[PDB]
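Per-entry structural report
The primary structure of each chain is shown beneath.
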Amino acid sequence: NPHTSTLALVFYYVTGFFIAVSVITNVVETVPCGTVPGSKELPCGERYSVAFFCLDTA
Amino acid sequence: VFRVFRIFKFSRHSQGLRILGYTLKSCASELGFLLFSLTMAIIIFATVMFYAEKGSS
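Rules used in this analysis
- Residues numbered from 1 in each chain as written, not as in the entry; some residues may be left out.
- Chains lettered and ligands numbered in written order.
- Part of a larger assembly, values for the part shown.
- Heavy atoms only, no water.
- Helix = DSSP H or I, 4+ residues; strand = E, 2+ residues; numbered from the N terminus.
- Rg over C-alpha atoms; globule rule 2.2 N^0.38 Å.
- Buried < 20%, exposed > 50% of the residue type's maximum accessible area, 1.4 Å probe, protein only.
- Contact = heavy atoms within 4.5 Å.
- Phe/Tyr/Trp six-rings, centres within 6.5 Å; stacked < 30°, edge-to-face > 60°.
- Expected span 1.5 Å × (residues − 1).
- Polar contact = N/O pair within 3.5 Å; in protein donor to acceptor, adjacent residues only side chain to side chain.
- Salt bridge = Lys/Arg side-chain N within 4 Å of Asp/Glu carboxyl O.
- Patch = residues over 30% accessible without salt bridge, like charges linked within 9 Å, V, L, I, M, F, W, Y side chains within 5 Å.
- Areas by Shrake-Rupley, 256 points an atom, 1.4 Å probe, with all protein chains shown as cover.
- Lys, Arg positive; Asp, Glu negative; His and termini not counted.
- Charge placed at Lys NZ, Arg CZ, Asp CG, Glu CD.

If you check the PDB entry, chain B appears there as Isoform 2 of Potassium voltage-gated channel subfamily D member 3 from Homo sapiens. This deposition appears in the PDB under the title "CryoEM structure of human KChIP1-Kv4.3-DPP6 complex".

Going by the PDB entry, chain A carries the name Isoform 2 of Potassium voltage-gated channel subfamily D member 3 and comes from Homo sapiens.

1. A short note on the overall build of chain A
Looking only at helices and strands, chain A has three helices and zero strands in total. Secondary structure of chain A in N-to-C order comes out as α-α-α. Its C-alpha atoms give chain A a radius of gyration of 17 Å, clearly above 10 Å, the size a compact globule of 58 residues would have. Considering only C-alpha atoms, chain A reaches an extent of 55 × 15 × 10 Å along its principal axes. Taking all 58 residues of chain A together, the buried fraction comes to 9%. Looking at chain A alone, contacts between residues at least 24 apart form 6% of all its contacts between residues at least 6 apart.

2. Quick look at the environment of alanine 52 of chain B
Residue and element names in this part refer to chain B. Position of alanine 52 among the secondary structure elements: in the segment after α2 (28–51). We classify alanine 52 as exposed; its relative accessible area is 65%. In this structure the C-alpha to C-alpha distance between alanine 52 and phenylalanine 10, which are 42 residues apart in sequence, comes to 48 Å.

3. Quick look at the packing of aromatic side chains
All names here are of chain B. Under the counting rule described, the total for this entry stands at five aromatic pairs over all chains. Considering the side-chain rings of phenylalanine 50 and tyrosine 51, the 5.1 Å spacing of their centres and the 80 degrees angle between planes classify their relative orientation as edge-to-face. Taking relative accessible area as the criterion, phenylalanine 50 reaches 33% and is therefore assigned partly exposed. One aromatic cluster is present, built from ring pairs that chain together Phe2, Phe5 and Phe8.

4. Some details on helix α1 (residues 6–28) of chain A
The end-to-end C-alpha distance of α1 of chain A is 33 Å, a good match for the 33 Å that 23 residues give at a rise of 1.5 Å each. N-cap assignment for α1 of chain A: the residue whose side-chain oxygen lies 2.9 Å from the backbone N of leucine 7 of chain A is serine 5 of chain A.

5. Quick look at the pattern of salt bridges
Two side chains bearing opposite charge may form a pair once their charged atoms approach each other closely. All names here are of chain A. All told, the structure shown has one salt bridge over all chains when counted by the stated rule. A salt bridge links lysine 40 to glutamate 46; the shortest N-O distance between them is 3.4 Å. Exposure remark for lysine 40: the relative accessible area of 49% places this residue in the partly exposed category. Residue classification places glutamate 46 among the partly exposed positions, given a relative accessible area of 42%.

6. Here we look at a positive patch on the surface
All names here are of chain B. Taken together, the side chains of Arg3, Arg6, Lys9 and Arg12 present a region of like positive charge at the surface. Mapping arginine 6 onto the fold places it in the segment before α1 (15–26). Judged by its relative accessible area of 55%, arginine 6 falls in the exposed class.

Quick look at the structure:
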């Protein structure tokens with residue numbers, strides 16, 4: 001029961017947040033984003049592989 | 001677009017509209033949940049149907 005304390009409530013409210021963040025980014029990897037003026041279109045995840053990778057790690 | 005909203009003013013003239021507005025505000029608890037569950041089921045099956053079919057002709 002997060003309602004037990006206020007710290008429990010805020011912890012529940014912050015862990016139920018990063019689940020959503022990871023879901024969102026797990027979706028966004030497949031987006032073709034950025035024109036990639038030099039070559040074909042890289043799905044945004046692989047273009048910024050460092051950003052997406054580090055976020056998944058965290 | 002917004003010039004459609006005036007259609008709603010039939011509310012006064014029509015029971016159905018006001019009584020529906022109320023049967024919706026009362027059940028506004030389960031509709032948030034339905035939106036949520038649909039959003040999750042859609043994301044699930046979108047990921048699946050993507051990877052199971054992303055590479056084809």
